[PDB]
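One chain comes next, on its own, written out as structure tokens in the form deposited in one PDB entry.
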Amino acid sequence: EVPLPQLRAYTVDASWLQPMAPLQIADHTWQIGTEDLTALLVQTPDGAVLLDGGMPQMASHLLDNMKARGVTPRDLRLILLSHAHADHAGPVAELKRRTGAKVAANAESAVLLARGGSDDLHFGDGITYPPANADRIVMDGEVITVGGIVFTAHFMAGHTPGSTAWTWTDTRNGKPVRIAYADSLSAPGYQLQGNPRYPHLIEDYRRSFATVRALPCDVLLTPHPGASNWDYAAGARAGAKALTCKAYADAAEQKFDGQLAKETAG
């Protein structure tokens, strides 16, 4: 006689959980997460912004890296998200408790964050994390400005209903750098065709490929750095092989078409 299985925690490659020192992207923008999960700090004369936090166990490391940059808990004003999965939104509830930060997100991301990633359209209750509340709801194309850095929301539904690309302009050498933080365009283990929980999944991904291709995009970063060919452990050469937004969208679409064909075959 056989009991119900124990709960299984989601495990990840060690590199996803490997702390790294701050890596500078542009004049006010730094990578502060791990070797394989993006967490972007944008530092301004009127406070700081964090774009994603990575996994639940990353909160204290993020705070250490902020302190190393001169950003205190009180100085962190805003958290934005690519999407509200456990591997990017994991420590948001904890960061809100330990800092001044408020969360801005679209309605879809807010609803999923408030459930802590439970009842996911594809993963069910498999990838839960501590729930958090959004403080501000944003619409597509809406701008948020901190210390004169202007963040623009570009909805790119598919990976999650609330998937968002965030764009802003920083500087390097007195010249503008148009940075695009584009969300994931994967469909890990998804049923794509005839999905009752997401009937227009395929059209949404198609529109999202087009949205990504057209972003203002001098430098592309992604929540999993490998997707845009970043190597954060490579120091001075981390971003050398980085894809354009055009090439990232094309590769994602080619992968997606292959997955659709494998699904029809299966």
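Shifts are known only where both forms have a C-alpha. Each residue number is its position in the shown sequence, starting from 1. Rigid core (definition): largest C-alpha set, two forms, superposition within 1.5 Å.
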query	finding
Higher-B stretch (mean Cα B-factor, as the entry records it), 9 to 17 or 245 to 253	9 to 17
Selected stretch [higher average CA B-factor]: 31 to 39 or 230 to 238	230 to 238
Highest recorded Cα temperature factor - choice among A210, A59, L51, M66	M66
Largest Cα B-factor, entry values, listed residues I127, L81, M156, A107	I127
Record-listed C-alpha B factor of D75: chain third	highest
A182 CA temperature factor, ranked by third within the chain	middle
Third of chain Cα B-factors occupied by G162	lowest
Modelled-residue ranking by C-alpha temperature factor, third containing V150	highest
Assigned third (lowest, middle, highest) for the C-alpha B factor of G194	highest
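Not pictured, yet referred to below: the form deposited in another entry.
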{"item": "Exceeds or equals 2 Å, Cα of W16 between this form and the one not shown, core fit", "value": "yes"}
{"item": "Cα-Cα trend for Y198 and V12, given that in the other form the distance shifts by 3 Å or more", "value": "farther"}
{"item": "Direction of the Cα shift between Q57 and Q6 in the other form, where the change is 3 Å or more", "value": "closer"}
{"item": "Consecutive stretches, 3 or more residues long, displaced between this form and the one not shown (C-alpha shift of at least 2 Å once the core is aligned)", "value": "1 to 16"}
